[PDB]
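What follows is the content of start-v1.txt, which has compact mmCIF, C-alpha atoms:
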# COMPACT_ATOMS: atom_id res chain seq x y z
CA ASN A 66 -19.78 4.04 -48.14
CA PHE A 67 -21.06 3.62 -44.55
CA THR A 68 -24.34 5.40 -45.46
CA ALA A 69 -25.50 8.01 -42.93
CA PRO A 70 -25.94 7.64 -39.16
CA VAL A 71 -29.24 9.62 -39.04
CA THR A 72 -28.37 10.73 -35.49
CA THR A 73 -25.27 12.66 -34.49
CA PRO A 74 -22.70 10.33 -32.88
CA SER A 75 -21.69 11.30 -29.35
CA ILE A 76 -20.90 9.95 -25.90
CA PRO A 77 -24.09 8.16 -24.75
CA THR A 78 -24.09 8.57 -20.98
CA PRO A 79 -24.58 12.07 -19.53
CA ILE A 80 -22.58 13.29 -16.56
CA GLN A 81 -25.61 12.80 -14.31
CA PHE A 82 -26.69 9.25 -13.39
CA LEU A 83 -22.96 8.85 -12.66
CA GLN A 84 -22.90 11.13 -9.59
CA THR A 85 -23.51 10.01 -6.02
CA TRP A 86 -24.42 12.71 -3.51
CA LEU A 87 -23.24 12.49 0.09
CA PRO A 88 -26.19 11.99 2.47
CA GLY A 89 -25.18 14.88 4.74
CA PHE A 90 -24.75 18.64 4.48
CA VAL A 91 -22.21 21.05 5.94
CA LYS A 92 -23.26 24.03 8.06
CA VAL A 93 -21.30 27.10 9.08
CA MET A 94 -19.97 27.30 12.65
CA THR A 95 -20.32 30.91 13.98
CA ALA A 96 -18.73 31.93 17.28
CA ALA A 97 -18.74 29.70 20.34
CA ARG A 98 -21.39 30.06 23.05
CA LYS A 99 -19.73 29.50 26.43
CA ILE A 100 -21.99 31.29 28.92
CA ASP A 101 -23.64 28.04 30.01
CA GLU A 102 -20.36 26.23 30.70
CA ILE A 103 -18.90 29.04 32.83
CA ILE A 104 -22.02 29.89 34.85
CA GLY A 105 -24.80 27.39 34.20
CA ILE A 106 -28.52 27.79 33.55
CA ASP A 107 -31.41 28.11 36.01
CA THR A 108 -35.05 27.82 34.90
CA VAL A 109 -37.00 29.56 37.68
CA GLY A 110 -39.37 32.09 36.13
CA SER A 111 -42.27 31.85 33.71
CA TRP A 112 -43.05 33.61 30.46
CA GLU A 113 -45.09 36.85 30.25
CA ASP A 114 -43.62 37.81 33.64
CA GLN A 115 -41.73 41.01 34.40
CA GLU A 116 -39.32 40.70 37.33
CA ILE A 117 -37.27 38.29 39.45
CA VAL A 118 -36.78 38.75 43.21
CA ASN B 66 43.82 -58.94 2.47
CA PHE B 67 40.40 -57.36 3.17
CA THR B 68 39.27 -58.14 -0.42
CA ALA B 69 37.39 -55.32 -2.17
CA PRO B 70 34.34 -53.36 -0.98
CA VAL B 71 32.61 -53.37 -4.42
CA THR B 72 31.09 -49.97 -3.61
CA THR B 73 33.11 -46.85 -2.88
CA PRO B 74 33.13 -46.19 0.89
CA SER B 75 31.71 -42.81 1.89
CA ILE B 76 29.51 -41.06 4.44
CA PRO B 77 26.09 -42.78 4.20
CA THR B 78 23.60 -40.06 5.05
CA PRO B 79 23.24 -37.11 2.64
CA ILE B 80 22.89 -33.55 3.88
CA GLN B 81 19.16 -33.61 3.12
CA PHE B 82 16.85 -35.67 5.35
CA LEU B 83 18.78 -33.88 8.11
CA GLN B 84 17.32 -30.41 7.47
CA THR B 85 14.16 -28.98 9.00
CA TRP B 86 12.53 -26.00 7.30
CA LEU B 87 10.82 -23.25 9.27
CA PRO B 88 7.07 -23.01 8.53
CA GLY B 89 7.18 -19.31 7.65
CA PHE B 90 8.55 -17.20 4.80
CA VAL B 91 9.53 -13.63 5.67
CA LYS B 92 8.55 -10.79 3.34
CA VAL B 93 9.82 -7.32 2.50
CA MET B 94 7.77 -4.41 3.86
CA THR B 95 8.49 -1.18 1.92
CA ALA B 96 7.49 2.27 3.20
CA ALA B 97 4.69 2.71 5.72
CA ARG B 98 1.13 3.62 4.71
CA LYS B 99 -0.28 6.07 7.27
CA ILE B 100 -2.96 7.99 5.35
CA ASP B 101 -5.74 5.97 7.01
CA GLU B 102 -4.53 6.67 10.56
CA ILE B 103 -4.20 10.43 10.07
CA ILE B 104 -7.44 11.05 8.17
CA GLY B 105 -9.60 7.92 8.16
CA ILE B 106 -11.56 6.18 5.43
CA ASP B 107 -15.14 6.80 4.26
CA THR B 108 -16.88 4.33 1.93
CA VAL B 109 -19.61 6.45 0.34
CA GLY B 110 -19.49 6.01 -3.43
CA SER B 111 -19.88 3.06 -5.77
CA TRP B 112 -17.80 1.70 -8.62
CA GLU B 113 -18.46 2.60 -12.30
CA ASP B 114 -19.19 6.13 -11.05
CA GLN B 115 -17.53 9.39 -12.03
CA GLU B 116 -17.98 12.15 -9.44
CA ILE B 117 -18.65 12.86 -5.76
CA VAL B 118 -20.77 15.83 -4.63
Take the structure I supplied and represent it as structure tokens, if you would.
Amino acid sequence: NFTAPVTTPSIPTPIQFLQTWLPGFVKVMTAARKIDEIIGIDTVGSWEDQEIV
Amino acid sequence: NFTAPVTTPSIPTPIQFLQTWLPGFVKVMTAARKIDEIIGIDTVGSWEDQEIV
């Protein structure tokens, strides 16, 4: 009895459409940059220059 | 003399009507739940889902 199902029975819902992706991304750190904190930064010169006096 | 009192003499006022009940009912605590304080909670997903990416 029960005839034939024509299609192969299986779980209907795929794994996708059931996954939510976090809005953000992670990035790698690399070493700390602490020259500015110790000394500070001064913007005095201009580009395409050569020397500071 | 003194005839009979018909009813049996006794203390007139029952124990009830002389009791006041505190408005609150204490409860048992069980162990502390401190996962939220240490790590925090993020509500990102939705129900009927399966995975987080």
Sel. within 6 Å of pt (-22.4, 7.2, -13.3), counting only C-alpha atoms, output as a short mmCIF file (atom, residue, chain, number, x, y, z; two decimals) with C-alpha atoms, in the frame of the given file:
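Produced file result.cif, reproduced below:
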data_model
loop_
_atom_site.label_atom_id
_atom_site.label_comp_id
_atom_site.auth_asym_id
_atom_site.auth_seq_id
_atom_site.Cartn_x
_atom_site.Cartn_y
_atom_site.Cartn_z
CA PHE A 82 -26.69 9.25 -13.39
CA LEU A 83 -22.96 8.85 -12.66
CA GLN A 84 -22.90 11.13 -9.59
CA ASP B 114 -19.19 6.13 -11.05
CA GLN B 115 -17.53 9.39 -12.03
#
Find the residues of chain A in contact range of chain B, meaning any atom within 12 Å when counting only C-alpha atoms, and list them as a PyMOL selection string.
-> chain A and resi 78-91
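Put simply, CA of residue 92 (chain A) is 21.5 Å away from CA of residue 106 (chain B).
CA of residue 94 (chain A) is found 21.0 Å from CA of residue 104 (chain B).
Going from CA of residue 93 (chain A) to CA of residue 105 (chain A) covers 25.4 Å.
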